[PDB]
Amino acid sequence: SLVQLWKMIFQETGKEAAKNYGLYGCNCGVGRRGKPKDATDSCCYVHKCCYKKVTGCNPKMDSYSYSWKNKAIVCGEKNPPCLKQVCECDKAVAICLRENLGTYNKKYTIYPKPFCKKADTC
């Protein structure tokens, strides 16, 4: 669920997830999609697009089972198809988030999403 993702974000980024990425760019956090602003927003772009490949669940409400191993995210204990995927979706968006931390814009942290150009289809 979305609380798990928020934790997941913090554990690889060290920043409070909703505080820093809840309104970042045009695809991070609540709201729709847009043409991404930077690599930080674009990995939120990838997250929302793997989130549409979910089938039988509510990712923002349904929790899953996962653990935080030797600084490595292991969702890999047996999970139902969706709950496996969203959590892998969350881990992938948690992992890339650490990969573009040097790019993070402090001005994009709360971004006016309506003004962003509409994203294509994933």
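Residue positions are given as counts along the sequence shown, with the first one as 1.
> Per the entry, where is the mean C-alpha temperature factor higher: 52-60 or 86-94?
The deposited B-factors put 52-60 ahead on the C-alpha mean.
> Would you mind checking which of 9, 18, 101, 110 has the top Cα temperature factor in the PDB entry?
Top of the list by C-alpha B-factor: 101.
> For the listed 30, 26, 73, 43, which has the peak Cα B-factor recorded in the PDB entry?
Answer for 30, 26, 73, 43: 30, with the highest C-alpha B-factor.
> Which third, lowest, middle or highest, does the CA B-factor of residue 121 fall in along this chain?
As the PDB entry reports it, the C-alpha B-factor of residue 121 lands in the highest third of its chain.
> Based on the entry's values, in what third of the chain does the Cα temperature factor of residue 67 lie: lowest, middle or highest?
It belongs to the highest third of the chain when residues are ordered by C-alpha B-factor.
> Tell me, lowest, middle or highest third: where does the Cα B factor of residue 2 rank within its chain?
As the PDB entry reports it, the C-alpha B-factor of residue 2 lands in the lowest third of its chain.
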